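Participant: sequence, then structure. It's an experimental one.
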Amino acid sequence: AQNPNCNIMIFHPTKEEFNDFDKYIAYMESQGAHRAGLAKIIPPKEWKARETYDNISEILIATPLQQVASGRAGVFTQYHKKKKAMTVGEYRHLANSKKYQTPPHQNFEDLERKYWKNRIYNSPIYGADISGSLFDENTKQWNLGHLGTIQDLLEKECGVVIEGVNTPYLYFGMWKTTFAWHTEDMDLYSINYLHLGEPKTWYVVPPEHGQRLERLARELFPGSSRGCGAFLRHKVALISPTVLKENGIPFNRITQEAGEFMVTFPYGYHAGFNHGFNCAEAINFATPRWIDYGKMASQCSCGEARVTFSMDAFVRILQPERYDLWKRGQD
Ligand SMILES: O=C(O)CNC(=O)C(=O)O
Ligand SMILES: [Mg+2]
Ligand code: NI
Ligand SMILES: [Zn+2]
């Protein structure tokens, strides 16, 4: 068995190996990368996502989200308070202000320590989940707006044609902006490219151990657990590495820097935070190996998780028993 300790693997494809996206994902899995839940891909030195980022300031963040925490430093939830629209230029200036900027620090470990110590005492503003792309149309390799769609993968593997579309999303971050512990919708893959700015630290639980994280989360968030049998689908709960270690939960961590891709694998729980002003682009995707994960994915039917148009068809075809109840949640 490849990668039996489930370590995060880092790949350095050549420009020739960067041509065929599907084939490279399958290669990484042949080496055991999926066992970690997360892999890093450093693009060949010849590649670029676009020529410059000098002209992005007028992108609108229609609904910036202020991430307000509750709980204790290592075990907390966050809720998202909607703020007034602002441009990316306005948001960058806000991120760099004395109230929101990254503190002085020695290295990524010191910054990580400071994040876990102090996150709950601040409410950073995240420009998350913005439909769009920063890849140049002429970038032919690993262009997250030109990937094969999940609906086409389902149709190729299973023969059924379904409605829905699959487009990327932009994330503009600042110091302390946080992504809560989650797997993807329908336990899909995700791919995330850090276009510019300061790093993003990731934490990940191996897919084979995901239920250990779920059992800890039920213990730590006991009212949420009674409310919903899949409350991590709400994407609000945070648990620190110190707490995970105290409870014996297997996990790994890695920091992504600008110019790097991360891939999350089916049922790989992940969480993390931004170091300072940055912009990432991410999208879900599927492979043949995903189909069985999609059939088994948990679902929120309490109504809180409220998700995309395209997830309807995935539930309807892969999980027809659940369909009915899940759709009562979504209506
Ligand atoms: O970058 C973020 O805030 C969150 N991203 C992801 O969870 C992902 O790419 O799967
Ligand atoms: Mg612009
Ligand atoms: Ni994710
Ligand atoms: Zn729910």
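Facilitator: Alright, I've got the coordinates. Numbers count the residues shown, from 1 in each chain. Ligands and ions are numbered 1, 2, ... in the order given.

Participant: quick one: residue 111 and residue 104 touch, right?
Facilitator: No. Residue 111 lies out of contact with residue 104 (CB atoms under 8 Å); the separation is 9.6 Å. Placement of C-beta: from N, CA and C, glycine included.

Participant: those two - which one has more neighbours?
Facilitator: Neighbour totals were compared for residue 111 and residue 104, and residue 111 leads with 22 against 8 (other CB atoms under 10 Å).

Participant: in a strand, that one, correct?
Facilitator: No. With DSSP: H, G, I helix; E, B strand; the rest coil as the criterion, residue 111 is assigned helix and is not in a strand.

Participant: could you report the neighbour count for the residue lying closest to it once chain neighbours are set aside?
Facilitator: Leaving aside its chain neighbours, residue 111 sits nearest to residue 105 (4.4 Å; criterion: CB to CB, 6 or more residues apart in numbering). The local packing of residue 105 (other CB under 10 Å) involves 14 other residues.

Participant: these two touch, right, residue 105 and residue 112?
Facilitator: No. Counting by CB under 8 Å, residue 105 sits too far from residue 112 to count as a contact (9.2 Å).

Participant: may I have the phi/psi pair for residue 76?
Facilitator: Main-chain torsions, residue 76, degrees, to the nearest 10: phi -150, psi 160.

Participant: show me the beta-bridge partners of it.
Facilitator: residue 71, residue 238 (DSSP bridges).

Participant: then the one 5 residues further on?
Facilitator: Note on residue 81: beta-bridge partners by DSSP bridges are residue 66.

Participant: quick one, what contacts it?
Facilitator: 65, 66, 67, 68, 123 (CB atoms under 8 Å, 6 or more residues apart in numbering).

Participant: phi, psi for the last one please.
Facilitator: According to degrees, to the nearest 10, the main-chain angles of residue 123 amount to phi -130, psi 80.

Participant: ok, which residues in this protein are in contact with ligand 1?
Facilitator: 171, 179, 190, 192, 264, 270, 280, 282 (CB under 6 Å from any ligand atom).

Participant: surely the last one and residue 166 touch.
Facilitator: No. Shown here, residue 282 and residue 166 do not form a contact pair, counting by CB under 8 Å, at 11.9 Å.

Participant: strands of the stretch 201-331 of the chain, residue ranges please.
Facilitator: Ranges of strands in the stretch 201-331 of the chain, per DSSP state E, counting those that start in this stretch, are 237-239, 252-256, 261-264, 269-274, 278-285.

Participant: flag every buried residue along stretch 109-121.
Facilitator: 111, 112, 114, 115, 116, 119, 120 (16 or more other CB atoms under 10 Å).

Participant: could you do stretch 48-61 as well?
Facilitator: If you call a residue buried by 16+ other CB under 10 Å, then stretch 48-61 has these buried ones: 49, 50, 56, 59, 61.

Participant: any part of it near ligand 2?
Facilitator: Yes. Among the residues of stretch 48-61, 56, 58, 59 lie within reach of ligand 2 under CB under 5 Å from the ion.

Participant: the last one contacts residue 88, correct?
Facilitator: Yes. In terms of CB under 8 Å, residue 59 counts as a neighbour of residue 88; the distance is 4.4 Å.

Participant: dump stretch 320-328 to PDB, restricted to CA.
Facilitator: Output of stretch 320-328 as PDB, limited to C-alpha atoms (Å, rounded to 0.1, in the frame of the first residue of the first chain):
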ATOM      1  CA  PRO A 320     -32.400   8.200  -4.400                       C
ATOM      2  CA  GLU A 321     -33.500   7.000  -0.900                       C
ATOM      3  CA  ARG A 322     -32.300  10.200   0.700                       C
ATOM      4  CA  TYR A 323     -33.600  12.400  -2.100                       C
ATOM      5  CA  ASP A 324     -37.100  13.300  -0.600                       C
ATOM      6  CA  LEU A 325     -35.800  14.100   2.900                       C
ATOM      7  CA  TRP A 326     -32.700  16.100   1.600                       C
ATOM      8  CA  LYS A 327     -35.000  18.100  -0.700                       C
ATOM      9  CA  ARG A 328     -37.300  18.900   2.200                       C
END
